[PDB]
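# Coordinates in review
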Amino acid sequence: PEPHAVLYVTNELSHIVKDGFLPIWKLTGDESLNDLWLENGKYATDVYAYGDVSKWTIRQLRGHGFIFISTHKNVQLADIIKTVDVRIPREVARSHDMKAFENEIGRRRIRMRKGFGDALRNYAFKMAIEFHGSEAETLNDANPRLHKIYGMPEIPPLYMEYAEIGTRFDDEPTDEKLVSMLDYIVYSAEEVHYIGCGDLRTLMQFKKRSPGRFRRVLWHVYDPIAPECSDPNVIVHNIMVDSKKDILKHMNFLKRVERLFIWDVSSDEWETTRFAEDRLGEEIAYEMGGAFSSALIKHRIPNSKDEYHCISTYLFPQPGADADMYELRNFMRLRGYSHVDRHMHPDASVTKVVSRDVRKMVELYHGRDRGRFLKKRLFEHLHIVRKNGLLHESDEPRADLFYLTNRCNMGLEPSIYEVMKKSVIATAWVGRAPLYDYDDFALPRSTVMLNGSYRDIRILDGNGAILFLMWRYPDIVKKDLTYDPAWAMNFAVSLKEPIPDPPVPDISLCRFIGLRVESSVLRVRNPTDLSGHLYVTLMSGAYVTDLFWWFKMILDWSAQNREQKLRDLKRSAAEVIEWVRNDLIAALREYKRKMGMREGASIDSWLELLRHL
Ligand SMILES: C[n+]1cn([C@H]2O[C@@H](COP(=O)(O)OP(=O)(O)O)[C@@H](O)[C@H]2O)c2nc(N)[nH]c(=O)c21
Ligand SMILES: Nc1nc2[nH]cnc2c(=O)[nH]1
Ligand SMILES: Nc1nc2[nH]cnc2c(=O)[nH]1
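Its PDB record attributes the structure to X-ray crystallography, giving the resolution as 3.22 Å.

Here it is, written out as structure tokens:
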């Protein structure tokens, strides 16, 4: 809505910038500190800035809006030596297009989005069990035997009871049929009984592409033709499979396991055989359903047959499969032990299927340049538990990432806050820019600040949030991380997290960039200095900081002391950019003088903690 990034370019580059239409901030060794703060506070859009900054720490430079652009890998700082966020290929200096330069920034910037979420996401696994509004991306880093991952993901094209299909969606090529198969089924299995595993090149490329969940799985791969393979989590079976009893003899029942069953079996002039194998794969699983959480049965669709039968939970198309391939995969959710509570997915049963409706499935969805997004949906629908963050009641600590503020959730803001009252970590779109690739809606910052801040709940904009996590847990959030402060600052972020002792006014807390310009506007647009300060911070809706801590610091802390307040900074590894009970309550009062109604309790809640300090 206001917040910018300082687009810090290194020297060898400076001259192009000059030709832009964005402003250019110029340094110069001295400045002082409160020089930067008053300067930077001058820009309302992103800016380009260069010149010596050797003097300053990183957190200082992030608190400030800095993104690092050079042709060199990294730049010197006071703190340490930072990996350049945006490296230009020199050819693309150099050259000297102001634009293809600019476009170059944009993209890697957009790429940076994922470092931010990752930083947060990555705190959350360190602190959380439940996980709401989730997707492939979280599945990706979960330990399924710990985390429990929730959400309502968009549902892939499905056969069962049960039609609706399609409608069609746009897509993109992926890994080949059979690798892409593996890809979406392996999440939380532990033991895979892959039958008709072939020559293994499949599984082998999977291992070449997904080494973690390959190794955190024990494979029995059943097949006469299957080659010897060392891999000591890979047990090779040269048996052929007619009976379930060729799987029993390869199972530890004296110990608990999510077991997965995969049936990819076909032989060598009708193929009402092709059929019985499919059926027999199923028939085998069924009997065993009680050992396996699930099955993925191969399921060629007949020609000769018009409607027919099988045991299934689901039937669906499969990514990257040639468009003439009329072979759906069949899913079977089963009873039998598992880490993901798939109960939602109906206990795999006898399903009457209409070849034509299936045909139309393949026709719509197959194509060896069409899979990506299907595969995802398959992957999420299968492994995430279909639960709704807002409505869910949580015995265990919970994370609530980037889903609260979705446009489905409009009107349910109450429930939103109540969630950010009890979340380990969650976040909300505050950004008032006009505003693309992202489909959320914004909580008024003022409201966020006031509803959000509790003894136990810290309430910072994305950047602050980031900053904080560095400071406090430097190895969940490396200092040298790369991200976009400005993007970080479209977020409100909230953490089950005590105020520091001492309430040292660190940068994660105090940045208040542009508060000067922000105050003038206030007075020239909708009219009416520590009181003045806090009124503006709110009346503006340009900032999200944690009031409570801010309070506890302002009073219980400053003054305090020229000496014994730095000292307790030192000490608290903290840093800054800017070097009485009543004015605040007047602040408060005045504020809601302008807005009973559109707020605020609470307000009250706050006030009534000043003159009840
Ligand atoms: C109309 N139709 C075409 N095909 C495909 O089947 C091929 C014939 O050879 P195939 O051995 O039946 O392939 P399959 O193992 O996938 O079933 C080509 O005709 C492909 O287009 C079909 N394949 C199946 N399985 N079922 C169908 O109804 C069908
Ligand atoms: N910052 C950010 N990170 C993400 N990681 C995955 N999705 C997102 C997102 O929308 N924003
Ligand atoms: N199967 C699968 N699909 C994905 N789509 C995006 N990420 C993944 C992943 O890890 N596995």
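## A word on the packing of aromatic side chains
Aromatic ring pairs are defined here through the distance separating the ring centres and the angle between the ring planes. This model, assessed by the stated rule, comprises 32 aromatic pairs. Seen in terms of ring centroids, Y123 and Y473 are 6.0 Å apart; in terms of plane orientation they differ by 80 degrees. Their pairing is edge-to-face. Across the pair, exposure class does not vary: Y123 and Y473 are buried alike. An angle of 20 degrees between the planes, with centres 5.8 Å apart, marks the rings of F214 and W219 as stacked. The pair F214 / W219 is uniform in exposure class, with both members buried. Ring-pair connections join several aromatic residues into one group, and the members of that group are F116, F402, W429, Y438, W487 and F491. Here the basic side chain of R113 rests over the ring of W487, its NZ or CZ set 4.3 Å away from the ring centre. For the cation-ring pair, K305 lies above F275, with the distance from its terminal atom to the ring centre recorded as 4.5 Å.

## Some points on the sheet that holds strand β2 (residues 24–26)
Strand order in the open sheet formed by five strands is β2-β3-β1-β4-β7, with parallel pairing between adjacent strands. Unpaired on one side and paired on the other, β2 and β7 (86–87) mark the two borders of the sheet. Contacting β1 (6–9), β3 (47–50), β4 (66–70) and β7, helix α4 (residues 98–127) runs over the sheet at an angle of about 100 degrees to β3.

## Some details on the nonpolar core
Looking at soluble globular proteins, one finds that nonpolar side chains tend to be buried together. Residues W219, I425 and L534 are the most contacted members of the largest nonpolar core, which totals 127 residues. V53, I69, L77 and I105 belong to the second largest nonpolar core, which has 35 residues in total.

## A word on the site of ligand 3
In the region of ligand 3, the neighbouring residues are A136, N140, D183, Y184, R213, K375 and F379. Here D183 contributes a backbone N or O atom positioned 2.7 Å from a nitrogen atom of ligand 3. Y184 has a polar backbone atom sitting 3.2 Å from a nitrogen atom of ligand 3. Taking 280 Å² as the accessible area of ligand 3 by itself, protein coverage stands at 71%. At the level of elements, α5 (136–141), α6 (177–185) and α12 (372–383) are the ones that each hand at least two residues to the shell around ligand 3. Across the shell around ligand 3, the residue classes tally to three nonpolar, one polar and three charged.

## Observations concerning the environment of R562
Relative to the assigned elements, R562 resides in the loop between α19 (547–555) and α20 (581–593). Spatially, the C-alpha atom of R562 lies 23 Å from that of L547, the residues being 15 residues apart in sequence.

## A short note on the site of ligand 1
Around ligand 1 sit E271, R274, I301, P302, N303, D324, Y326 and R359, and those are all the residues in its vicinity. A distance of 3.5 Å separates a nitrogen atom of ligand 1 from a polar atom in the backbone of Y326. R359 is positioned with one of its side-chain polar atoms (N or O) 3.3 Å from an oxygen atom of ligand 1. When isolated, ligand 1 has an accessible area of 540 Å², and the protein chains bury 54% of it. For the shell around ligand 1, the residue count by class is three nonpolar, one polar and four charged.

## A closer look at the sheet that holds strand β11 (residues 218–222)
With mixed pairing, the seven strands of this open sheet are ordered in space as β12-β11-β10-β13-β14-β17-β16. The open sheet terminates on both sides in strands that have one partner only, identified here as β12 (234–237) and β16 (314–316). In this sheet, adjacent strand axes meet at a mean angle of 15 degrees when their direction is disregarded. Relative to strand β17 (residues 327–333), β16 is paired through three bridges, and the arrangement is antiparallel. By the bridge assignment, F316 is partnered in β17 with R329. Contacts between α6 and the sheet are confined to β10 (191–195), β11, β13 (259–263), β14 (292–300), β16 and β17, with β17 contributing the most and set at about 20 degrees to the helix.

## Considering a positive patch on the surface
On the surface, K73, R87, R90 and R94 cluster together into a patch of positive charge. Within the fold, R90 resides in the loop between β7 and α4. The exposed category is assigned to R90, whose relative accessible area is 54%.

## What to know about the domain arrangement of the protein
Taken as a whole, the protein is organised into domain 1 (1–127 + 420–514), domain 2 (128–416) and domain 3 (515–612). Once you take the C-alpha centre of each, domain 2 and domain 3 turn out to be 53 Å apart.

Cut-offs used in this document
- Residues numbered from 1 in each chain as written, not as in the entry; some residues may be left out.
- Chains lettered and ligands numbered in written order.
- Heavy atoms only, no water.
- Residues with missing side-chain atoms left out of burial classes, pairs and counts.
- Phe/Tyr/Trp six-rings, centres within 6.5 Å; stacked < 30°, edge-to-face > 60°.
- Buried < 20%, exposed > 50% of the residue type's maximum accessible area, 1.4 Å probe, protein only.
- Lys NZ or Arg CZ within 6 Å of the ring centre and 35° of its normal.
- Pairing = 2+ DSSP bridges.
- Helix = DSSP H or I, 4+ residues; strand = E, 2+ residues; numbered from the N terminus.
- Contact = heavy atoms within 4.5 Å.
- Axes fitted to C-alpha atoms, helices over the stretch in contact; angles between N-to-C directions.
- Core = buried A, V, L, I, M, F, W, Y, C linked by side-chain atoms within 4.5 Å.
- Near = heavy atom within 4 Å.
- Polar contact = N/O pair within 3.5 Å; in protein donor to acceptor, adjacent residues only side chain to side chain.
- Areas by Shrake-Rupley, 256 points an atom, 1.4 Å probe, with all protein chains shown as cover.
- Nonpolar A, V, L, I, M, F, W, Y, C, P; charged D, E, K, R; others polar.
- Patch = residues over 30% accessible without salt bridge, like charges linked within 9 Å, V, L, I, M, F, W, Y side chains within 5 Å.
- Salt bridge = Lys/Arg side-chain N within 4 Å of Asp/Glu carboxyl O.
- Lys, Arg positive; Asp, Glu negative; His and termini not counted.
- Charge placed at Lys NZ, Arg CZ, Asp CG, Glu CD.
- Domains from an automatic or database assignment.

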